[PDB]
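A single chain comes next, written as structure tokens; it is the form deposited in one PDB entry.
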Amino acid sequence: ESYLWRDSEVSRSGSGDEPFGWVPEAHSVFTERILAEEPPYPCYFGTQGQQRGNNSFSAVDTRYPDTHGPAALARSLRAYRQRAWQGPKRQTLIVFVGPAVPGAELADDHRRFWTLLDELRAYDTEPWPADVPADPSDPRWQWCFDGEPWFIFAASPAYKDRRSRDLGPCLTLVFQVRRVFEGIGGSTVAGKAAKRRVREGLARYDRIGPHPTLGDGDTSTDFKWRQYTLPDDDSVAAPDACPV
């Protein structure tokens, strides 16, 4: 019924040539990435959330869009939002989009990601937040669903130098509600300490440095969309080029 899974429920996602028959493998690669010991995954928060049982999963199967597509993901997002606002603050939803496409370029995976986020809006039950501009060209735009803005980023196997955003063979969407950042807002002492620690991790793991669009946390950053789909290099997209 529900396509929202905890780690122990993933194996029932699918088998074989079924819808989601590739999902257990995608899940297994993801957990190996973020639990690796040497070098450790740069985001220790994410590692800790996995070890502690606080990550949830879902998927989109491009071969079954009527049943295992954007409409179903929108249901899973609503169920996740409810779980994310209870119990531990540091929860993440990880969504695999598959099956994997051997040979896909990063730009192909980014286009897929934006099309998904665009499409999901049609299946929201709630009014768009009246304090968040709905127009993606606005500097204060953020992707919103079920009444609130989310934190969201795209992971792909086509990230070569920014290996931290290679989470396995599928386009992967990593969703969180703002609750995750309680106590470690970018302007707090703890929040700065967390940036230093993750950034040291990145230097160890990736071949390219942290991207310029990740700010210092002292103000709300304009054109947050850019952080959703970082390039594999140091280039900065035109602020008006959000594909939604």
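So that the term is clear: the rigid core is the largest set of C-alpha atoms that superpose within 1.5 Å between two forms. For every residue, the number given is its place in the sequence shown, counted from 1.
- In the comparison with other entries of the same protein, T67 is given coordinates in all of those covering both sides of it, so it never reaches the one-third threshold.
- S220, though modelled here, lacks coordinates in at least a third of the other entries of this protein that were compared and that model residues flanking it.
- Mean CA temperature factor is higher for 98-106 when stretches 152-160 and 98-106 are set side by side in the entry.
- Note on 5-13 vs 18-26: mean CA B-factor is higher in 5-13.
- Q86 sits in the highest third of its chain by CA B factor, as recorded in the PDB entry.
- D135 sits in the highest third of its chain by CA B factor, as recorded in the PDB entry.
- Among the modelled residues of its chain, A190 has a C-alpha B-factor that falls in the middle third according to the deposited record.
- Ranked within its chain, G69 lands in the lowest third, by CA B factor from the PDB record.
- Among the modelled residues of the chain, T31 sits in the middle third by CA temperature factor in this PDB entry.
From this point on, the text means the form deposited in another entry, which you will not see here.
- With the core fitted between the shown form and the other one, just one of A100, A134, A79, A107 shows a Cα displacement of at least 2 Å, namely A134.
- With the core held fixed between the shown form and the other one, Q227 has its Cα displaced by under 2 Å.
- Once the rigid core is used as the reference frame, the Cα position of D218 differs between the shown form and the other one by 2 Å or more.
- Put simply, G201 and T219 come closer in the other entry: their C-alpha atoms are 3 Å or more nearer than in the form shown.
- The pair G217 and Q82 separates in the other entry: their C-alpha atoms are at least 3 Å more distant from each other than in the form depicted.
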